[PDB]
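Only one chain comes next, encoded as structure tokens, the form deposited in one PDB entry.
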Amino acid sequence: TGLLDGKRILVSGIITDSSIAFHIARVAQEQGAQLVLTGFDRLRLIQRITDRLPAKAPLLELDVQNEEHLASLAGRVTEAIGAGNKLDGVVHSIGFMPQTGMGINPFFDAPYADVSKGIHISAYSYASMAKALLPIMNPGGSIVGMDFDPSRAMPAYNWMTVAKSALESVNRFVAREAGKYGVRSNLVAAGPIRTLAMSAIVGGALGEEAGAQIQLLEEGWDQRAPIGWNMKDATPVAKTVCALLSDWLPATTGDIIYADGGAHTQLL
């Protein structure tokens, strides 16, 4: 009776128990999905974290900047879910920008090598992952990535904003490719969520001014949101990702669904 009963779904992006992807994985399992997880670099950590999920899920290594990892990924997934089985869903919950590209470091002072690394991981990899996994996805399947609305500039987010603008564009092209397989591609634009790192940035890890600006952003977001916004609760975001992974948004692709309390629809 679960929303995702019988579905096989790959979830990337878990690194702590506060990762948005941890909550996506939890809700998906509560709703009957069978998962395969991917993790970057710290696999012992990630295994220990994902031991706390409701059900067992194989963990595979994936550095999206590593061409060998991407080239072997479909085979490794198929080994984990069984020959003759394919995926019904893929969750991209991956982002990175060097400190030069976010925070109080001036916008103009980010070297391109740093910006390029952030765009590789945060935007191009959405296409890389789709390339690798579409050949082992079933018709009716769904690829979902995580977005933070970049349509307006904001303090401190700087080149990560630019990376998210690129991601939104990439998603519209991935939809064209995915459609050939009967697969949808969409982003969920979430409101601000207090992951470990965000509390770190609020405590000043990227400069005092950036932390101050994020707290103002958070406060304004809840004010503007007609149904409010709880930055400590990723579950509403996770539910939205599961909606897109389900059979219930079958005519939506190349698109952005806003799980943000409605804040982006209100000026003040």
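Only residues modelled in both forms are compared. Numbering starts at 1 and runs along the sequence shown. Between two forms, the rigid core is defined as the largest C-alpha subset superposing within 1.5 Å.
Below, we refer to the form deposited in another entry, which is not included among the displayed structures.
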* Asked: Which of the listed residues (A210, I46, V27, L60) moves its Cα by 2 Å or more between the shown form and the other one when the core is kept in place?
  -> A210
* To do: Align on the rigid core first; then say whether the Cα of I201 has moved by at least 2 Å between the shown form and the other one.
  => yes
* Pairwise C-alpha change, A153 versus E209, in that other deposited form against this form - closer or farther, 3 angstroms or more -> farther
* Structure fact -> A change of 3 Å or more separates this form from the other: in that other deposited form, the C-alpha atoms of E209 and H120 are farther
* Structure fact -> In sequence order, the stretches of at least 3 consecutive residues present in both forms and shifting by 2 Å or more at each Cα after core superposition between the shown form and the other one are 196-206, 208-218
